[PDB]
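[1] Here is the sequence, then the experimental structure:
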Amino acid sequence: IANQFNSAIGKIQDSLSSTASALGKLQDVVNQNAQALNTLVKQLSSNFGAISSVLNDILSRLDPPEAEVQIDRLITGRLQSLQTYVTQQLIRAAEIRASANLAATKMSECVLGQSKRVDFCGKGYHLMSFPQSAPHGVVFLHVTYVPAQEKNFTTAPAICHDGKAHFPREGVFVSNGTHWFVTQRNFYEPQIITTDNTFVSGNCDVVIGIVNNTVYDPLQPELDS
Amino acid sequence: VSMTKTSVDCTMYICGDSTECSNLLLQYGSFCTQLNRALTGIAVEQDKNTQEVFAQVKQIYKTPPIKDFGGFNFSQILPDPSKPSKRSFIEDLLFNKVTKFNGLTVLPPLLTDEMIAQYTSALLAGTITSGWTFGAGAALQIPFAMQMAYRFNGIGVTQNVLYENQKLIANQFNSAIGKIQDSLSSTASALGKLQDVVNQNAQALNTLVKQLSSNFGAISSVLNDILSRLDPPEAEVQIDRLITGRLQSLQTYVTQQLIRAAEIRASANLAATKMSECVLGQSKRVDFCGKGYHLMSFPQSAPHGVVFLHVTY
Amino acid sequence: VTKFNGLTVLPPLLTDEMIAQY
Amino acid sequence: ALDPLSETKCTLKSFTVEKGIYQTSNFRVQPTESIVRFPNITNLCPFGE
Amino acid sequence: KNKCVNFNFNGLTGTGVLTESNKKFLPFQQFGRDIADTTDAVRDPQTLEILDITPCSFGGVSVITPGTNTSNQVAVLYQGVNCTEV
Amino acid sequence: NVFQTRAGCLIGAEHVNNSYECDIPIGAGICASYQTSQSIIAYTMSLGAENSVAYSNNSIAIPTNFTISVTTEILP
């Protein structure tokens, strides 16, 4: 686990260094703001129906009563430009506040504690996360537990020994083709079937698919000794 | 999940087939360009919702030819190959209950309805064979009888209840699915949440077209009438009034779509969250997957949306 | 990851150093 | 115009000023003098002759 | 130069601070513009020189004061500018 | 190279029956990519490889090994 982790962190440094597009989510925010500012400014050069976009030009040509007619067109149009800008900033702000609430939620469930939610902290079973600062944002490195290699085994829902069905207290029943072993679902660690690893419930005539085997009782050699 | 993709042309809407009207529109700057870029982004976001929601898996899962479900009957939820298009018996009802030349363009979706059903089939076939594993890693086949056993042990119910009552749980489940088909078939308003999306887009488009009939203070709404009556310098006065109002109409439509675009994306994130917690795995959150202790969920495709059937204890 | 018309850029409340110290 | 405190009261339209920071105006520097630079006035015709 | 003034050069006008820059206009180019199509520089019509246009200092005025019931002390903050008026 | 789709007439793209992963999205489940003498080609978007999971009452898979993975997530 020390090699897998350290090797994984190394790939993070290589991916972020080689691939600059992984941060494009943050670059979009910069680009969107630049387009809005560049647009808002360039609208000053528009006539908006007026003779000219320059204020002093209209004032230096038309008479006072005639100029006001043309100046009003510039004021009206330029006013609409601000309304368009502010309207977009308010909407875009809602998208950022939604992401911020998501980031604050992950730090609590992912970073601070351990999250049982499915695929909230990323694929696999979440262990712990590393927060990292990023411009106008944040980065989360999520360490997860991903199962790799598996092998097909023979299973049974219950074991029958003395006539009472035995159920696993934890794990599942598996077999290599000879003896039935108990094992956890996330990994293969053979464990002998015993009264301590199983629970007695019902009889053997109910469970569908129950099989017969020998349940080892650790108390037998203790009483014989 | 998704909303109708609409591309509005600010050149044709404001000025129909008019050179003079077009030149007067350039005086207003980038308004035309900007209004098109906004709608373009909205149309792209609609495709992102389907990708972030419908597809939770990189592989396609299929069921075996021999079907042993442990007493449950999935024939209603699983696609039927006999149909011309791949869909289940429930999806068949979901699609049935829910259903210009002025420069309004309807953009087709990137993801076809058939492909959406293939995503659903992959999620359905996965949960049956692989249970909760395929979402968190490599597909691990488990007998369904043991899958439900683990799902009861997660809610605090000893799995012995399943093996003993397995026959009863088979009747309650199958009978429950039958009620879903009867409810969706008899009640057409269950999908009204999706019909509201269709109606909202229709009203916005209809209203936008009706504004063309308004004079906006001008002598007449038709541009050819103004050009065929007033002098060139006099026509500019009347044409400016039409452009000014029609410009506000687009600003109103776009502004309304961006707002509704924030509402749909919020629901899309919920759908993506539920598919992860409710469908792929088992959620311990209270009343997130629906009333009762959540066991497992069935995703089902619906027009411009998705349906979740939550099996609870 | 990387005017003269009266548009003012307001400085952030917390410097890049402070967010790194969090 | 008495002091910045009054400007806050006039910006808030209230006699009571709450604790905090508020923007009461916009500072701007006015031009000191008018500058005029034009091309040379030379190349006259011999109108005096 | 190096002062806030209202300048009129040939057919162009504006208000700002004029300072000698390192920019070089071609022999036929009297004035430059910015990405926004605003004039950032000019060339003296009489002599040959390049002058950058820096808008005169402007910014917001923020008042920092405690509650009225606390004290009437006030602290003026000139945004986006150094200390000038004082 | 004049072909028709549900989005409209597309010129300059060759039609490849083989389904690949979507590169340049077009519409109606159609995407374009630059591939093999390379030229633009049109193809149906592939949803991924078909995986048939062996399923039986007595069959189960127990992972024999694991891997620790580090995922990178970014938020504004």
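    Structure received. Residues are numbered from 1 along each chain as shown, chains lettered A, B, ... in the order given.
[2] which stretches of the stretch 51-200 of chain B form strands?
    In the stretch 51-200 of chain B, the strands defined using DSSP state E, counting those that start in this stretch lie at B:60-62, B:104-106.
[3] Just name the most buried of these.
    Greatest average neighbour count among the strands of the stretch 51-200 of chain B goes to strand B:60-62 (a mean of 18), per mean count of other C-beta atoms under 10 Å in any protein chain shown. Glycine gets a C-beta too; all of them are placed from N, C-alpha and C.
[4] Tell me how far residue B:189 lies from residue B:60.
    Residue B:189 sits 34 Å away from residue B:60, going by C-beta to C-beta, to the nearest Å.
[5] Assign residue A:58 to helix, strand or coil.
    Using DSSP: H, G, I helix; E, B strand; the rest coil, the structure places residue A:58 in helix.
[6] That one contacts residue A:47, correct?
    No. Using C-beta atoms under 8 Å as the test, residue A:58 is too far from residue A:47 to be in contact (10.5 Å).
[7] what is in contact with these two at once?
    Common neighbours of residue A:58 and residue A:47, using C-beta atoms under 8 Å, 6 or more residues apart in numbering or on different chains, are residue A:74.
[8] re earlier: so which of the strands of the stretch 51-200 of chain B comes closest to chain F?
    Nearest to chain F among the strands of the stretch 51-200 of chain B is strand B:60-62 (4.7 Å), distances taken as C-beta to the nearest C-beta.
[9] list the contacts for the residue nearest the centre of chain D?
    In chain D, the residue lying closest to the centroid (C-alpha atoms, centre = their mean) is residue D:30, at 3.6 Å. Contacts here follow C-beta under 8 Å, 6+ apart; on that basis residue D:30 touches E:4, E:56.
[10] Specify the local secondary structure of it.
    coil.
[11] distance of it from chain C?
    Distance of residue D:30 to chain C, computed by C-beta to the nearest C-beta, to the nearest Å: 15 Å.
[12] Quick check: which helices or strands does the biggest strand by length in chain F pack against?
    Determined from DSSP state E, the single longest strand within chain F is strand F:66-75. Packing contacts for strand F:66-75, counted by 3 or more C-beta pairs under 8 Å, 6 or more residues apart in numbering or on different chains; DSSP states H and E, involve helix A:2-18, helix A:24-42, helix A:64-106, strand A:137-147.
[13] rerun at 7 Å
    helix A:2-18, helix A:64-106, strand A:137-147 (3 or more C-beta pairs under 7 Å, 6 or more residues apart in numbering or on different chains; DSSP states H and E).
[14] can I assume residue A:132 is in contact with residue A:141?
    Yes. Look at residue A:132 against residue A:141 with C-beta atoms under 7 Å: they come within range, at 6.4 Å.
[15] more crowded one of the two?
    Set side by side, residue A:132 and residue A:141 show more neighbours around residue A:141, with 19 against 15, by other C-beta atoms under 10 Å in any protein chain shown.
[16] Setting aside sequence neighbours, what's the nearest residue to the more buried one?
    Leaving aside its chain neighbours, residue A:141 sits nearest to residue A:130 (4.1 Å; criterion: C-beta to C-beta, 6 or more residues apart in numbering or on different chains).
[17] which residues are contacting the helix or strand hosting the one you found?
    Secondary-structure assignment from DSSP states H and E places residue A:130 in strand A:125-134. Under the criterion C-beta atoms under 7 Å, 6 or more residues apart in numbering or on different chains, residues A:26, A:107, A:110-111, A:114-115, A:121, A:138-145, B:136, C:19-20, F:74 lie in contact with strand A:125-134.
[18] Around residue B:258, count how many other residues there are.
    Applying other C-beta under 10 Å, we find 19 residues neighbouring residue B:258.
[19] right, is stretch E:1-18 up against chain C?
    No. Using C-beta under 7 Å from any C-beta of the partner chain, we find that stretch E:1-18 stays clear of chain C, coming within 7.9 Å at best.
[20] what comes into contact with that stretch?
    Defining contact as C-beta under 7 Å, 6+ apart, one finds that stretch E:1-18 is touched by A:56, D:29, D:31-39, E:19, E:30-31, E:39, E:42, E:45, E:51, E:53-56.
[21] For it, buried residues please.
    Within stretch E:1-18, the residues scored as buried using 16 or more other C-beta atoms under 10 Å in any protein chain shown are E:4, E:5, E:6, E:7, E:9, E:13, E:14, E:15, E:16, E:17, E:18.
[22] downstream neighbour of whatever helix or strand the second one lives in in the secondary structure list?
    In this structure, residue E:5 sits in strand E:4-9 according to DSSP H and E. For strand E:4-9, the succeeding helix or strand toward the C-terminus, using DSSP H and E, is strand E:12-20.
[23] Kindly calculate the angle that that following strand makes with strand E:4-9.
    Calculated by axes from the mean of the first three to the mean of the last three C-alpha atoms, to 10 degrees, strand E:12-20 forms an angle of 120 degrees with strand E:4-9.
[24] who are the neighbours in contact with the residue of chain D found nearest chain B?
    Nearest residue of chain D to chain B, counting by C-beta to the nearest C-beta: residue D:26, 25.8 Å away. For residue D:26, the contact set (C-beta under 7 Å, 6+ apart) comprises E:58, E:60, E:61.
[25] so which of the residues you listed also contact chain C?
    Among the contacts of residue D:26, the residues within reach of chain C (C-beta under 7 Å from any C-beta) are E:58, E:60.
[26] Pick out whichever of the contacts of residue D:26 sits closest to residue F:2.
    For the contacts of residue D:26, the residue nearest residue F:2 by C-beta to C-beta is residue E:58; the value is 59.5 Å.
[27] thought the closest one was touching residue C:8?
    No. If you go by C-beta under 7 Å, residue E:58 and residue C:8 don't touch, sitting 8.4 Å apart.
[28] ok so, going back, ok now the strand holding residue E:5, how far from the chain's centre?
    The chain centroid and the centroid of strand E:4-9 are separated by 11 Å under C-alpha atoms, centre = their mean, to the nearest Å.
[29] three-state assignment of the residue in chain E sticking out farthest from the centre?
    Centroid-distance maximum for chain E: residue E:69 at 40.3 Å, with C-alpha atoms, centre = their mean. Secondary structure for residue E:69, judged by three-state DSSP, is coil.
[30] and what of residue E:73?
    At residue E:73, secondary structure determined by three-state DSSP is coil.
[31] mind checking how far it is from residue B:137?
    Separation of residue E:73 from residue B:137 (C-beta to C-beta) stands at 64 Å.
[32] Mind checking which of those two has more residues around it?
    Comparing residue E:73 with residue B:137 by other C-beta under 10 Å, the one with more neighbours is residue B:137, at 22 against 9.
[33] that older thread, sort out which of the contacts of strand A:125-134 are buried, if you could.
    In the contacts of strand A:125-134, burial by neighbour count holds for A:26, A:107, A:110-111, A:115, A:121, A:138-145, B:136, F:74, counting by 16+ other C-beta under 10 Å.
[34] who's residue E:78 bridged to?
    On the basis of DSSP bridges, residue E:78 is bridged to residue E:61.
[35] Wait, it touches residue E:59, no?
    Yes. Between residue E:78 and residue E:59 there is a contact under C-beta under 7 Å: 5.6 Å.
[36] shared neighbours, those two?
    Joint contacts of residue E:78 and residue E:59 (C-beta under 7 Å, 6+ apart) are residue D:27.
[37] where does chain F come near chain B, residue by residue?
    Neighbours of chain B within chain F, by C-beta under 7 Å from any C-beta: F:6-7, F:25, F:27-29, F:47-55, F:57, F:59-61.
[38] Quick check: which of the helices and strands packed on strand F:66-75 is buried the most?
    strand A:137-147 (a mean of 20).
[39] State the paired neighbours of the following helix or strand past that one in the sheet, together with their directions.
    Next in sequence after strand A:137-147, counting helices and strands by DSSP H and E, comes strand A:150-155. Here strand A:150-155 has these sheet partners by DSSP bridges: strand A:172-175 (antiparallel), strand F:59-63 (antiparallel).
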